[PDB]
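S.K.: This one's a deposited entry, sequence included:
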Amino acid sequence: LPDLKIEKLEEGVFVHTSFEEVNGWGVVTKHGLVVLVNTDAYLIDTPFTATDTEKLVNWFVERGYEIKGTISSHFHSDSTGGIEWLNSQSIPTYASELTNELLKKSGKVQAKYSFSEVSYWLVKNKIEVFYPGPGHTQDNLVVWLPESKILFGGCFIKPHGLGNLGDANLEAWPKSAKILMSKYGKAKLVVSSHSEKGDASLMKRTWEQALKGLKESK
Ligand code: NA
Ligand SMILES: [Zn+2]
Ligand SMILES: [Zn+2]
């Protein structure tokens, strides 16, 4: 398995890439973000493991940042795998009510703090959380960095195919993608969990893949 990667996109924004073997898929590549506000660092999704989460935290703490918070974009272990370790270090973990419910229902450790706001500031004017509706999962949400015009679309953005459909809502995904396109068309950069970073068109590609996946199912 390749090592954890940490790449600077620009001032105060880093992409973390972690790797895991998943039954039926082989080696899954997973992207998340670390966002800096002054000397405060926020994790957008945890790596797959406690081990990679610790390495990621140490990399930023060693450079003089303090980890103020982590948010999980949905309940699957590629977003939530580090939550138990973060909870053991009293680093605050956040997830939607629905995500914390789906973590419980599936016998996994919950984020410490749950929210039900559809759209709100994680950090005022720096980090926005938005739920476009069901798609990849019932709970999937996105994170918006207004100052850098970067959207983190998580496992919702699927420009090359929908991946794992087990927890997906094919009926809703196309409407959810249209809602995301109307809200975040001014995006310079879209970071997805499982494909290369791209421009705002990745949201259209996802809509197209969602319509096709719906048609192929019915
Ligand atoms: Na700080
Ligand atoms: Zn997922
Ligand atoms: Zn995923």
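M.R.: Received it, and whenever you're ready, just let me know what you need. Numbers count the residues shown, from 1 in each chain. Ligands and ions are numbered 1, 2, ... in the order given.

S.K.: tell me which residues in stretch 32-49 are buried?
M.R.: Of the residues in stretch 32-49, 32-37, 41-49 count as buried by neighbour count, 16 or more other CB atoms under 10 Å. (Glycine included, C-beta is placed from N, CA and C.)

S.K.: ditto for stretch 18-34
M.R.: So for stretch 18-34, counting by 16+ other CB under 10 Å, buried means 18, 19, 20, 28, 30, 31, 32, 33, 34.

S.K.: I'd guessed the first one sits against residue 45; true?
M.R.: Pointing back at residue 18 there. No: Residue 18 is beyond contact range of residue 45, at 9.2 Å (criterion: CB atoms under 8 Å).

S.K.: shared neighbours of those two, which are they?
M.R.: 30, 32, 78 (CB atoms under 8 Å, 6 or more residues apart in numbering).

S.K.: can you pull the contacts of the first one?
M.R.: Contacts for residue 30 (CB under 8 Å, 6+ apart) come out as 17, 18, 19, 20, 45, 47, 48, 78, 193, 194.

S.K.: Dump the helix or strand that contains the fourth one to PDB, restricted to CA.
M.R.: This means residue 20. In this structure, residue 20 sits in strand 13-22 according to DSSP states H and E. Provided in PDB are the C-alpha atoms of strand 13-22 (Å, rounded to 0.1, in the frame of the first residue of the first chain):
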ATOM      1  CA  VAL A  13      -5.600  24.200   1.700                       C
ATOM      2  CA  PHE A  14      -3.900  20.700   1.600                       C
ATOM      3  CA  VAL A  15      -5.200  17.400   0.100                       C
ATOM      4  CA  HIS A  16      -4.500  14.200   2.000                       C
ATOM      5  CA  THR A  17      -4.500  10.900   0.000                       C
ATOM      6  CA  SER A  18      -4.800   7.600   1.900                       C
ATOM      7  CA  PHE A  19      -5.000   4.000   0.400                       C
ATOM      8  CA  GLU A  20      -7.000   0.900   1.500                       C
ATOM      9  CA  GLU A  21      -7.800  -2.600   0.000                       C
ATOM     10  CA  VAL A  22     -11.700  -2.800  -0.100                       C
END
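
S.K.: how about the residues of this protein that lie near ligand 3?
M.R.: Residues of the chain lying close to ligand 3 by CB under 5 Å from the ion are 78, 155, 193.

S.K.: Pipe those residues into TSV and attach distance to residue 176, neighbour count and secondary structure per row.
M.R.: Shown next, in TSV, are the residues of the chain next to ligand 3 (distance: CB to CB, whole Å; neighbours: other CB atoms under 10 Å; DSSP: H, G, I helix; E, B strand; the rest coil):
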residue	distance to residue 176	neighbour count	secondary structure
78	19	24	helix
155	12	24	coil
193	16	25	coil
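
S.K.: Tell me which residue in the protein sits closest to ligand 1.
M.R.: Nearest residue of the chain to ligand 1, counting by CB to the ion: residue 39, 3.4 Å away.

S.K.: Return the list of strands paired to whichever helix or strand comes after the strand holding residue 20, each annotated with direction.
M.R.: Moving toward the C-terminus from strand 13-22, the next helix or strand (DSSP H and E) is strand 26-37. Here strand 26-37 has these sheet partners by DSSP bridges: strand 13-22 (antiparallel), strand 40-44 (antiparallel).

S.K.: Make JSON lines from these and add distance to residue 188 to it.
M.R.: What follows is the strands paired with strand 26-37, written out as JSON lines (distance: least, CB to CB, whole Å):
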{"stretch": "strand 13-22", "distance to residue 188": "11"}
{"stretch": "strand 40-44", "distance to residue 188": "17"}
